[PDB]
Every structure is written in structure tokens, then in C-alpha cells.
Amino acid sequence: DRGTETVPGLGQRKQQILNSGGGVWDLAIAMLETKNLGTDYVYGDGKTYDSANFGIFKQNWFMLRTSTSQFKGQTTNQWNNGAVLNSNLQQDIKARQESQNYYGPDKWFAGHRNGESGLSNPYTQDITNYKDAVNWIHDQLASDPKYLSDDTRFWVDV
Ligand SMILES: OC[C@H]1O[C@@H](O[C@H]2[C@H](O)[C@H](O)[C@H](O[C@H]3[C@H](O)[C@H](O)[C@H](O)O[C@@H]3CO)O[C@@H]2CO)[C@@H](O)[C@@H](O)[C@@H]1O
């Protein structure tokens, strides 16, 4: 199922994302990641090393260290270096955009959703379901410009 819900403060975050280099596409991805477009979920989303998640998109460390200028070349053991993305939105957005530009959208979705294993199996039903969910959210956000600044959240239960 899918739907809408009003989240106070959401329009502020939408506008900060869109004024920090993010596009409507970035907004759709982040809207699926968290309810509040925030970074205050549990540290690393409770995961460690290559599986740890950082930033408003919950990017994993494998992706960050393999495909972003800010962390390129870094090791699995260096995973705590990704925590800076939890309070630097500009670098967070740039990292995701760079990562998608390195891998391309299809493989970026696979690695974002399933890590390094996803890169070798990028068209599973689960990755496709995630891609279809982001696309649906994007199309709802694109359907009225009010959704770029109001407190409306579009959600999908992936
Ligand atoms: O698996 C994708 C992504 O999901 C994040 O969790 C999202 C859920 O995907 C879903 O959108 C969820 O929506 C709630 C919604 O907030 C409302 O309360 C409604 O009544 O019930 C739905 C149940 O789906 O919201 C969460 C974010 O809070 C998150 O788990 C990511 O790690 C994950 O990659």
C-alpha cells in the first residue's frame, strides 16, 4: 500500500534539500528513507562497516567509499568517516549524486538497496520494487508544486 501523511517541519527540510544542491529526484529518495527527512535514526542505522548507513538517504558505506569524491579510496575499516554526512547536508546530497553518476542509476539503485551484492544482481524483484516506489513518490511530488514546500509526505511500504 501507499499514501500520504502530514509531518510537521517537513516543508523546511524539503526546501533545505532543494536549496543545498538537491533536486526533486533527491527529495523522492530521501522521502522513502525516513519520515522526517532527517539523519537522527540510530547511528549507522544500527549497522557497521560496509553496511553502515549515513545521511538523509541512508547511503551505505560501501557505496560511499567506492563512488564518491569525498570518500573514494577509503577502506571498510574507515566506515565512521561517513558520519559527517549526518550533519552536512550539502556533502550528503553531493555524495549521492556523485555515487549515482559513477554507477549509473540502475546499478546505483542496486548498490544503494543491497550493497556490493546488489551490484552483481541488480534487477531482482526487491530492487525493482524499490525503484518503482521511488518513481511513484517522485511522480506524486512532481504533480503539484505545493508538495515541494508543504508538510506532505508520500510513503510506500516496500
Ligand atoms: O525499505 C525502504 C526504506 O523504508 C524506510 O522506512 C519507510 C517505509 O518504507 C515506509 O515508507 C514507512 O511508512 C509508514 C508511514 O510513515 C505511515 O506511518 C503509514 O501509516 O505506515 C507506513 C508503513 O509503511 O515509513 C518509513 C520511514 O519512517 C526505512 O526503513 C529505510 O531504511 C528503508 O530503506
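Order of listing sets the numbers, starting from 1, for every ligand and every atom in it. In what follows, residues are counted from 1 in the order of the sequence shown. The figures here come from the full heavy-atom set of this structure, side chains too, leaving out hydrogens, waters and symmetry mates.
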Ring centre gap for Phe54 and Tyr43 strictly below 6.0 Å: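 Yes - the distance between ring centres of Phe54 and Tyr43 falls below the 6.0 Å cut-off.
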
Plane angle bin for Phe154 and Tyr147 - parallel if under 30°, tilted between 30 and 60°, otherwise perpendicular: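 Because their plane-to-plane angle is over 60°, the rings of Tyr147 and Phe154 count as perpendicular.
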
Mutual orientation of the aromatic rings belonging to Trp79 and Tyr49 [parallel < 30°, tilted 30-60°, perpendicular > 60°]: tilted

From CA spacing to verdict: side-chain hydrogen bond (donor to acceptor under 3.5 Å, both in side chains), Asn101, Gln97: CA-CA 6 Å; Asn101 239 22; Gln97 299 169 339; over 6 Å; no

Ignoring angles and geometry beyond distance, decide whether [X] reaches within less than 3.5 Å of ligand 1 through its nitrogen or oxygen atoms.
X      : answer
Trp155 : no
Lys58  : yes
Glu5   : yes

Heavy-atom proximity to atom 9 (O) of ligand 1, best of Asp157, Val156, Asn129, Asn60: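 Minimum heavy-atom distance to atom 9 (O) of ligand 1 goes to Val156.
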
